[PDB]
Amino acid sequence: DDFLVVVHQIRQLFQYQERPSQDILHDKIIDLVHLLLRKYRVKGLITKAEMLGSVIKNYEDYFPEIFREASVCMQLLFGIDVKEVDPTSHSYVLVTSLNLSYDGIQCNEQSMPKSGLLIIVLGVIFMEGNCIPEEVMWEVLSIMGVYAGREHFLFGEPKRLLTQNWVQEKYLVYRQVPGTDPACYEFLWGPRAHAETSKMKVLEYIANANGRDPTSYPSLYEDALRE
């Protein structure tokens, strides 16, 4: 599909409790996202001068917009943050969002970062009160085009990714629901999730996705303070 379509759908997904068009600027944002993904993989530094030279060229006057849109894509789609390390040379580095120690690449140049989807899953569990029926998780993920039993063009097979990979990584718990027979399944945060982030940091990420303040999620804000 399209990186920016999926970004738009991720912002919809986070509003579940309440479209990009093809032009030159769209192409310049995708090309920059590709360049930023290349630098992330080798922890390469990138400058504003490199971004102009290799991608922006004759759209220098749209640089602020293209960089902002590309930076939003890197975060919400790939869980990569763009951080300024030198204001004078306009030098930036690419690090994993919420400082998670996982991106699912594992020195593999096919693989797309999975930290974006991991943060969304942790968010959704949080959003449903820190324990979510499996079927409700799949319903919410359907909003961003992620489906159990279907190969996803960025993230691979989500059913295995959530119930296997992220259980073995201890980001998630996936278990039989107590009192159910025959058996239903639920997700919670795993111990690595609690060790690497907090409810309030995840609420801020969620809120920021749609330009909203965390306080505008009153129940989730109160739950995040209970920590």
Side-chain angles (χ1 to χ4, degrees), residues 1-18 20 23-41 46 51 54-57 59 62-82 92 94 96-98 100 103-105 108 111-128 132 135-138 140-149 151-162 165-166 202 204-212:
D1 187 36
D2 181 277
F3 293 173
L4 292 188
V5 172
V6 178
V7 166
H8 170 76
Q9 291 179 352
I10 291 161
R11 294 180 146 152
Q12 284 184 316
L13 174 152
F14 284 139
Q15 299 289 241
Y16 84 81
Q17 293 185 346
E18 289 118 55
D23 84 305
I24 196 40
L25 288 188
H26 172 280
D27 299 355
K28 289 309 174 145
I29 295 164
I30 300 302
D31 294 338
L32 180 58
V33 167
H34 273 118
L35 177 53
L36 289 178
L37 278 168
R38 282 194 284 283
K39 293 294 177 158
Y40 174 69
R41 277 178 204 278
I46 184 146
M51 281 180 259
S54 37
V55 178
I56 315 300
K57 277 129 177 222
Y59 293 91
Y62 286 84
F63 174 78
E65 185 184 338
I66 293 172
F67 185 39
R68 180 160 62 241
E69 282 315 313
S71 299
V72 161
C73 174
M74 288 297 294
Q75 188 177 70
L76 296 182
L77 188 43
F78 297 127
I80 298 168
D81 290 345
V82 182
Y92 305 85
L94 289 309
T96 310
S97 309
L98 296 175
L100 300 188
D103 63 17
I105 291 182
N108 196 329
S111 298
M112 306 298 305
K114 316 276 189 283
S115 34
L117 182 60
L118 168 61
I119 297 174
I120 291 171
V121 168
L122 293 176
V124 167
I125 295 157
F126 169 61
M127 288 180 88
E128 291 292 310
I132 187 183
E135 51 266 45
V136 162
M137 170 64 74
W138 290 122
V140 174
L141 295 182
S142 69
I143 299 163
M144 72 180 284
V146 162
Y147 295 107
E151 212 61 32
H152 190 275
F153 75 106
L154 300 177
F155 307 127
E157 202 286 288
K159 171 76 172 214
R160 170 183 244 145
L161 184 64
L162 268 73
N165 290 220
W166 291 347
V202 169
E204 280 165 4
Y205 185 105
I206 289 173
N208 176 73
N210 274 297
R212 292 178 43 183

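Positions are given from 1 along the sequence. Because only heavy atoms are used, hydrogens play no part in the values below, and waters and symmetry mates are left out as well, while side chains stay in.
Rounding to the nearest 0.5 Å gives a distance of 10.0 Å between CG of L13 and CD of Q17. Atom OG of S115 is separated from atom CG of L122 by 11.0 Å, given to the nearest 0.5 angstrom. Going from atom OH of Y40 over to atom CD1 of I80 covers 5.0 Å, rounded to the nearest 0.5 Å. The distance from atom CG of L4 to atom CD1 of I30, rounded to the nearest 0.5 Å, is 4.0 Å. To the nearest 0.5 Å, atom CZ of residue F155 and atom CD1 of residue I120 are 6.5 Å apart. Distance check: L118 CG to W166 CH2 gives 5.0 Å after rounding to the nearest 0.5 Å.
Contact detail for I143 and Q9: the closest heavy-atom pair is O-CB, 3.4 Å. Shortest non-hydrogen contact noted between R11 and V72 is NH2-CG1, 3.5 Å. Minimum heavy-atom separation, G104 to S111: O-CB, 4.3 Å. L76 and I10 make their closest contact through O-CD1, 3.5 Å (heavy atoms, listed as atom of the first residue, atom of the second, distance). The two residues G79 and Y205 make their nearest non-hydrogen contact at CA-OH, 4.2 Å. Scanning all heavy atoms of the two residues, the minimum distance from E157 to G149 falls at OE2-N, 2.9 Å.
With sequence neighbours excluded, the residues forming a ring pair (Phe, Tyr, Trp, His ring centres under 6.0 Å) with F78 are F3, listed by chain and number. Scanning for side-chain contact (heavy atoms from CB on, under 4.5 Å) contacts around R68 gives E65, with sequence neighbours left out. Partners of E69 by side-chain contact (heavy atoms from CB on, under 4.5 Å), not counting sequence neighbours, listed by chain and number: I29. By the ring pair (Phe, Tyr, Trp, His ring centres under 6.0 Å) test, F126 pairs with no residue at all, sequence neighbours left out. Not counting sequence neighbours, the partners of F67 by the ring pair (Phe, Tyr, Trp, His ring centres under 6.0 Å) test are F63, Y92.
Listed by first then second residue, pairs satisfying salt bridge (charged side-chain N to carboxylate O under 4.0 Å, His left out) with a partner in residues 30-39 read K39-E50, not counting sequence neighbours.
A 4.5 Å side-chain heavy-atom check between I46 and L94 finds at least one atom pair inside the cut-off. Contact check for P113 versus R41: side-chain heavy atoms found under the 4.5 Å cut-off. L37 has its side chain within reach of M74: a pair of non-hydrogen atoms, C-beta onward, lies under 4.5 Å apart. In this structure the side chain of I125 reaches within 4.5 angstrom of the side chain of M137, judged on heavy atoms. Between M144 and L117, some side-chain heavy-atom pair lies under the 4.5 Å cut-off. Looking only at side-chain heavy atoms (C-beta outward), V140 and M127 stay at 4.5 Å or farther from each other. Within the 4.5 Å cutoff, side-chain heavy atoms of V6 are placed close to those of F153. The shortest distance between side-chain heavy atoms of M51 and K28 does not fall below 4.5 Å.
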Exercise. Any chance you could lay out the side chain to side chain contact (heavy atoms under 4.5 Å, CB included) test for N208 and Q75, step after step, and finish with the verdict?
Key: CA-CA 11 Å; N208 176 73; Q75 188 177 70; 3.6 Å; yes

Practice problem: Applying side chain to side chain contact (heavy atoms under 4.5 Å, CB included), run through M112 and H152 and close with a yes or a no. | Solution: CA-CA 11 Å; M112 306 298 305; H152 190 275; over 6 Å; no

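A side-chain donor-acceptor contact under 3.5 Å links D103 to the backbone of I105.
Around the CZ atom of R160, the shell of radius 6.0 Å holds no more than 12 heavy atoms that belong to other residues, nucleotides or ligands.
Screening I206, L100, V124, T96 for a side chain to side chain contact (heavy atoms under 4.5 Å, CB included) involving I119 leaves a single residue, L100.
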